[PDB]
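Asker: Just need the structure, nothing else, for what follows:
(3 chains, ligands or ions: 9)
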Amino acid sequence: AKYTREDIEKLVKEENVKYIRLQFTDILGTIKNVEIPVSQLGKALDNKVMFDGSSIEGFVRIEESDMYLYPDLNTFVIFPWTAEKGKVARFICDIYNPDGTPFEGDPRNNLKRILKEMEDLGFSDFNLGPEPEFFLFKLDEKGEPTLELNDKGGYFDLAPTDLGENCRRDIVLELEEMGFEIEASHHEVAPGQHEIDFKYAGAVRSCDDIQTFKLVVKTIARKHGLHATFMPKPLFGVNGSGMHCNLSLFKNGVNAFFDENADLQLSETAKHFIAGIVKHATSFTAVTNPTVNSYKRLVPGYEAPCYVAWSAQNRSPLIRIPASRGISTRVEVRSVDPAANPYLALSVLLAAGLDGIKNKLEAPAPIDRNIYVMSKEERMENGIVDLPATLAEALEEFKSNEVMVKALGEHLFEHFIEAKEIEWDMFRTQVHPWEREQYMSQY
Amino acid sequence: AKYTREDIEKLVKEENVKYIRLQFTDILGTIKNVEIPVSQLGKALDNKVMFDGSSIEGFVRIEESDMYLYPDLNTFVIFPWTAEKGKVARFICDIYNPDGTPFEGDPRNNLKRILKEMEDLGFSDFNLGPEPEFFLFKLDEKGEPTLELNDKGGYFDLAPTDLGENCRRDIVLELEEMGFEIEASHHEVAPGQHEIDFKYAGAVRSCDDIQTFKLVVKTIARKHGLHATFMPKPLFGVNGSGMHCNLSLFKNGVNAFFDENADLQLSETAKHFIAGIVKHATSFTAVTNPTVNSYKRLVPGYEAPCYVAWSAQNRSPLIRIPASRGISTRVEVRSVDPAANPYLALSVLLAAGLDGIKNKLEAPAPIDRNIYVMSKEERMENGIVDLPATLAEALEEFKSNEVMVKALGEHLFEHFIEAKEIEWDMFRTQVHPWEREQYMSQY
Amino acid sequence: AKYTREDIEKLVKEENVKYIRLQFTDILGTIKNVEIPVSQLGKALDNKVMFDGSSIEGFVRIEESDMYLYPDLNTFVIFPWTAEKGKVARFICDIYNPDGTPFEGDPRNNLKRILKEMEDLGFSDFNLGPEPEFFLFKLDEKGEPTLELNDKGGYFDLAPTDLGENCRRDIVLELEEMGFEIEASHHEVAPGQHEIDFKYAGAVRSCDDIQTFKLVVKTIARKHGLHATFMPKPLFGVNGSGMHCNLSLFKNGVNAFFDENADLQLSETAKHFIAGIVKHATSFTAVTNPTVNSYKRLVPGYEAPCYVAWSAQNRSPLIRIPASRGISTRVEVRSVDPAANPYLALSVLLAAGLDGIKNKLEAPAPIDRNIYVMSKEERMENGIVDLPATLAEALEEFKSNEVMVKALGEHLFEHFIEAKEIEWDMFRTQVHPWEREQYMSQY
Ligand SMILES: NC(=O)CC[C@H](N)C(=O)O
Ligand SMILES: NC(=O)CC[C@H](N)C(=O)O
Ligand SMILES: NC(=O)CC[C@H](N)C(=O)O
Ligand SMILES: [Mg+2]
Ligand SMILES: [Mg+2]
Ligand SMILES: [Mg+2]
Ligand SMILES: [Mg+2]
Ligand SMILES: [Mg+2]
Ligand SMILES: [Mg+2]
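Answerer: Residues are numbered from 1 along each chain as shown, chains lettered A, B, ... in the order given. Ligands and ions are numbered 1, 2, ... in the order given. Below is the structure in question.
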């Protein structure tokens, strides 16, 4: 209980807040919001503020259904950049049905349902250390984004010299005021690409920070005449952006993934986790990579996962176990990207792992080998399966997997598939310029 | 034996030919060619003219391999538009190995191998009446094609008024001089789209005319400041172009598809044919629709096949049996498109039909029903299977089918798949503008 | 020492530092870093902050590997230009392996190693007084560099008036606030060319500054709407840039090069040092001139070394010995340029010098006449050899030398050659406009 009803009231008044954003997340991971004037804070904290809950299912809405917003006193934050008379504050809310019961369609609640499922197995915490990457493009005369990158930096270079303005820098500074515990940032492989790494955090909190992060990144970027984008693969030929997820299970307050005695200092629970992730990897990809373009990133040669396998040191594995041990022992999943709905993404990732731990699934053999060279022949000769090549392919796999499906719930699942199937269909019937440049005159 | 060595020599001289085009077709259906000066006609008719035969496998060439061109005295034609001193004549050739044996890689020969397979069953002829459709676009200042259509006509309208120049009209006139037996032409559904229907003709000859047709259509069109294209789906939202194939089997010189006594006046042989086509339809689609874009046409709502079924009157069936009976009784296959390699396309279509006749496969029930409305539920409840949605999907189906695979031969098959797999892969890793307009700012 | 963890602690607290850059250097001499918030300072000073150490190898990276950063409390500096609200501080860190051992691939480490061999042979310090040269170009509308120079000044001219804006002055001023001790600065031979000479300092201090200098320069240059470049030869026909290195060996705190009563006042050790550099010059040229463009600077007629010879007065000696003596007695290597990686260039130059000292090599006769006039044949009659003409030549030469290869270490060496070999290969296969301007019509 970070803040209390009174701690919140004292703050809004002393900090002269005049605008409160009650934010939430829909089925597509998009950051939704219902804003009210400070004069309504009371009604907000009372959980009486209603809104059309059908907005949580995204562009698949069919009917208007009244619902409540239950603000989380802990998510209370104030936006520094907004200043003077008009100071804005936010509240990440939870959606409840008119009767008082939590809305199944809400993805944030889904993560809670699965976390509860975690505690029923004996685990206390499930931390997540995200590695969100993004691209910054220049803005044209008007205000529309162009294909020009904000810089020409490389992997870990000293991008935009401190003098003047430096987006990445200025973003981190804003995130600190709000209360972010950023680990560190750097310039990414491709020119104009940036990365801000978060610190360890509980599932829900960590996921809430991912949503806010994008908001702070997009806003500040626009304030510097730039355009921030978390699109997996904005440009063909250059590196794509991913959102590595460093997962870690705890029991009684201790890292349940550490074992200073077993190989790689990993415990039986850790390896079972690895197994669960490997068994469902190709099945939950539709969730960790929800967009069509998400699969243009999952192409070999750009340090992005393409096959289900884990290692401690490799070109670009699906699962990677960082050097750090002890309380830092963690399982990194590199397939996840920034376009993924954090709440849903973690739910499915938690369900996969827990499935292996609960059923004591056997973890495959590490592979410090090279998947890049060996053709599919060896990949077949070995337990190396490829990840779905298209959104369509991933959606067919997701449906078959029963634990993954039940990981999202009846309501969430139903709509997720409906939204994506339409999304895909829209893309498959589209005629791209590339098609004409290849056929228009050749045929 | 339309022409003879002497009939050819007398013609070239009297018509003052100064340039001979020895043409052939590669694996991708592209019209290849090796041109020689009239002074070499003798060496040509002697079958001594060599060329790099690796050019028949297309962009998958790996080594240079000398081969011979064996001109077909029957395919001898003279291009009317080419005039004066420089009159051009052509010769569709056959490829032979240095030793004197026919090249397996040659698609035109493949059709001959399968036609021979037809005669071994008791059939004399296998006629084909093609319905090639195309689009005409305007040319910009320079000479590059634009997205502007040559007109705004509709289905069977009186497009471009006779006065001045009218491509479609002027094309037909050129085709007649050369000796084409055109049935009739009209304006197609979509604006700027045209169709010239051929008359009944033997497989090989009919296929040879399809190749020449495209050549005459592309050339004359350019001569009118226009750009002709046989690309399946040039524009999203407008009708696509297909190449309906009206097939018909003969025995002893009579239409083996007619039976003035059985239902629909169709014979047992005709229905067996229907069965063969239905059993392999989804398997040979990769051949009758070889390009990626070929599947943007196979989308509902544009009068293009989307499900395996046959009828005599329906929205847009895969197999259609024209009204005409007697010697005109024929089985129309509407899935085939202009981008298809005629020689390969027919081979696979002949093999499918013959498979049903040889094994007396049972033909499904006609369907004057509506596939467009009934969801996949009924399509499942019925023997209604969908055609492959992507080139990839069609290529996976083609490989599994054994009769279809053996319908192309070891050498042809091997390369066809290699070329398409690469083609597809090129397309799947591409980042289309559509992707950014949908994600660039949404994420 | 210079700073204590407490000194830094107080400074960052009093100077209101908010951003901390932990910088280092990759194999290509490129300035890199990992940025962390001031709240992570403790973890930084605790040597716990990690990063992907593969970033050290540059574009030749293969697999991501965790590593630690050890901040050098003495390299702590505070960038003045950074706004009060967001003060930025830096720390040139050292790269270590997960097990607490110095990473062999770290360039700054290698220099430290070579310096140990210097201490073993009985030497106290090894000073370096670099003469960085650089050009300044104008920025177009999109902040893009142009071939337009910043002034039409000459050698030592009073380039750019004391107008409101004057990059060179403003650079030296900013460096003064950063604790940089600059000897003097002037305007170079070519228009828009500038030079800033630092006071001599230790091998590491000097290198670390060469890095910081490049950063400050480029930074302040961008603030003035200009673009700073250390590219050895930006424009054809104009002078190139070279970072002359004034080397000075110390023994027991005194100048081991000076000799009161000795020919030319150069001690024995001094002479051997000269010899050490002459036999290894052609070999270590690939390190002190790491780019393809570097060799375009190494051409006669522009005050750039083209032959291996030393002298006190000459047109363009590879090794020049300035006037001043005593503790100012030094050896200047003029072949080195600003694109070279300071740490690697100093390691190869120190190695060559120590080779000549430990093996008592005899120094050749100093060339005091014009070497430009002596034909290729003449230079052969005397001890006169040409430096590598192209990067490729320099590379093969470098591998042929053992003491030089050991100067970089197997790990550093393997990657250097890898990067440069693929680098040259790109250049070699490139087709330049020049080639087309010279063969397009002539052929
Ligand atoms: N070094 C890296 O972590 C690169 C990650 C890369 N941007 C990706 O697509 O995952
Ligand atoms: N009426 C028609 O035959 C239309 C055919 C349509 N152009 C197709 O794609 O097949
Ligand atoms: N010191 C100078 O005169 C500079 C000479 C020239 N810039 C070089 O290449 O070294
Ligand atoms: Mg990364
Ligand atoms: Mg990572
Ligand atoms: Mg038609
Ligand atoms: Mg038709
Ligand atoms: Mg100088
Ligand atoms: Mg000098």
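
Asker: and the gap between the residue nearest the centre of chain A and residue A:89?
Answerer: Centroid check for chain A by Cα atoms, centre = their mean gives residue A:342 as the closest residue, at 3.5 Å. Look at residue A:342 and residue A:89: by Cβ to Cβ, to the nearest Å, they are 22 Å apart. Yep, even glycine has a C-beta here, placed from its N, CA and C like the rest.

Asker: For the stretch 1-150 of chain A, which segments count as strands?
Answerer: A:17-25, A:31-37, A:50-52, A:66-71, A:77-78, A:87-96, A:126-139, A:145-149 (DSSP state E, counting those that start in this stretch).

Asker: Which one of the ones you listed lies nearest to residue B:410?
Answerer: Nearest to residue B:410, of all those, is strand A:145-149, at 45.9 Å by Cβ to Cβ.

Asker: Adjacent strands (with direction) for that closest one?
Answerer: strand A:126-139 (antiparallel) (DSSP bridges).

Asker: what ranges do the helices span in the stretch 101-250 of chain A?
Answerer: For the stretch 101-250 of chain A, applying DSSP state H, counting those that start in this stretch gives helices covering A:107-119, A:167-178, A:203-223.

Asker: Quick check: which of the ones you listed is nearest to ligand 3?
Answerer: helix A:167-178 (34.9 Å; Cβ to the nearest ligand atom).

Asker: Run the chain-centre distance for that closest one.
Answerer: 19 Å (Cα atoms, centre = their mean, to the nearest Å).

Asker: Alpha carbons of that helix, as PDB, please.
Answerer: Taking Å, rounded to 0.1, in the frame of the first residue of the first chain, the C-alpha atoms of helix A:167-178 are listed here in PDB:
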ATOM      1  CA  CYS A 167      15.800  12.400 -26.300                       C
ATOM      2  CA  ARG A 168      17.100   9.200 -24.700                       C
ATOM      3  CA  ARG A 169      18.800  11.200 -22.000                       C
ATOM      4  CA  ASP A 170      15.800  13.500 -21.400                       C
ATOM      5  CA  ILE A 171      13.500  10.500 -21.300                       C
ATOM      6  CA  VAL A 172      15.500   8.800 -18.500                       C
ATOM      7  CA  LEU A 173      15.500  12.100 -16.500                       C
ATOM      8  CA  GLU A 174      11.700  12.400 -16.700                       C
ATOM      9  CA  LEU A 175      11.200   8.800 -15.700                       C
ATOM     10  CA  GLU A 176      13.300   9.400 -12.600                       C
ATOM     11  CA  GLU A 177      11.200  12.300 -11.300                       C
ATOM     12  CA  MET A 178       8.100  10.100 -11.700                       C
END
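
Asker: can you redo the helices of the stretch 101-250 of chain A as TSV with distance to ligand 9?
Answerer: Rendered in TSV, the data for the helices of the stretch 101-250 of chain A read as follows (distance: least, Cβ to the ion, whole Å):
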stretch	distance to ligand 9
helix A:107-119	65
helix A:167-178	37
helix A:203-223	45
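
Asker: mind checking which of the ones you listed is nearest residue A:385?
Answerer: Minimum separation from residue A:385 across the helices of the stretch 101-250 of chain A (Cβ to Cβ) falls at helix A:107-119, 24.8 Å.

Asker: In that closest one, which residues are buried?
Answerer: Under the neighbour-count criterion of 16 or more other Cβ atoms under 10 Å in any protein chain shown, helix A:107-119 has A:107, A:108, A:109, A:110, A:111, A:112, A:113, A:114, A:115, A:117, A:118 buried.
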